[PDB]
Every structure is written in C-alpha cells, then in structure tokens.
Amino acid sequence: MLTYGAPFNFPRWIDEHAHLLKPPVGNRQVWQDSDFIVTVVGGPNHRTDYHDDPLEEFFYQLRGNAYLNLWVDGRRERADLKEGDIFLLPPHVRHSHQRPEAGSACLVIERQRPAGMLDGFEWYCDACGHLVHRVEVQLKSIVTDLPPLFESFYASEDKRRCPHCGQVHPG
C-alpha cells in the first residue's frame, strides 16, 4: 500500500524534469492523486495575476532566486525567495509568483481543495490599487478551465478597465 512509490533522489528527479521547468509549462507535479500537492516551479516565468488560495502554501527555494508579489494590508509588497529560503503563506493572501531566472527550482506544497472550496485569480490596478477582475475555479479543473478565463480577460479591455479610475490593465 505504498500508493506513491518508494523514496527517490529529488535533485536527480529535478534534473530529469528540468525541461518541463522552462517556458511554456514551467512546473511539474511530483505525485498524482495525493492529498499533498507537491510541485516544482521553474523559470523564467512571469505573471500579472494574483492567486487567492483558500489553503496554505509552503515554499522551499531549492535552486536560484525568485520572489512573490503580495497584496498585504491593502498594499503591494515583495517577498524574496532567495535560494535556500522557506516560507509559509497563510490562506487567502493574494500572491503573484515571479521567477526571473532560468534554471531556478522551487518546491511548492499545497493541499487538495475539498469540493466547493474554490481558488481565485485576481488582477489589481497599478494606479489606485483597486481590484479589477476576479475569476474562480476548482483546482482539479485548472489545466482545462483557467486559460480561457485568462485569455478572455487578456483579449479585451472592458474587463481590464479599473472600476475606480479607467486605467486599462496590461495584457
């Protein structure tokens, strides 16, 4: 009943999957159908959306440097993930995970969401900090439900107009 297999060497697994840590996919899950969602995140990859995870996220930056853009107490903040850093993110802290370096690798551990507990993705306005857009989605469906929601927000400027000012968010 060792459902997830035997122990194996992690640096070698990361070496073997380094081509998946590059653009365009930029990440690779370790075990399937587990309660703990164990992912290695690579680079270069940049994103303007903020994740609203209903549960905690654990980070261990194994290779290279990266950083999280955070929405903390109404303001934008930057949390560095230098090589060797660990970090535990409380639920619902909006975060945008930036990875400027090729060859970087970050261990990210999350929990499977119970059904009905949805993930949020949001965009904020650079000028007034107001929320511009939010989409919601069940984690188990993201590979095949999120890009069209992103694309729809990205392919058109009405959704990008901040309701408090009018600045069209980028694309």
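Numbering starts at 1 and follows the sequence shown.
When 145-153 is weighed against 11-19, 145-153 comes out higher, by mean CA B-factor as recorded in the entry. Look at the mean CA B-factor for 134-142 and for 55-63 in the entry; the higher one is 134-142. The PDB entry gives the largest Cα B-factor of the residues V40, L70, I37, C125 to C125. Comparing C-alpha B-factors across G74, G84, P100, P91 in the deposited entry, the largest value falls on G74.
Per-chain ranking of the deposited C-alpha B factor places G26 in the middle third. Placement of the Cα temperature factor of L118 within the chain: middle third of the modelled residues, per the deposited record.
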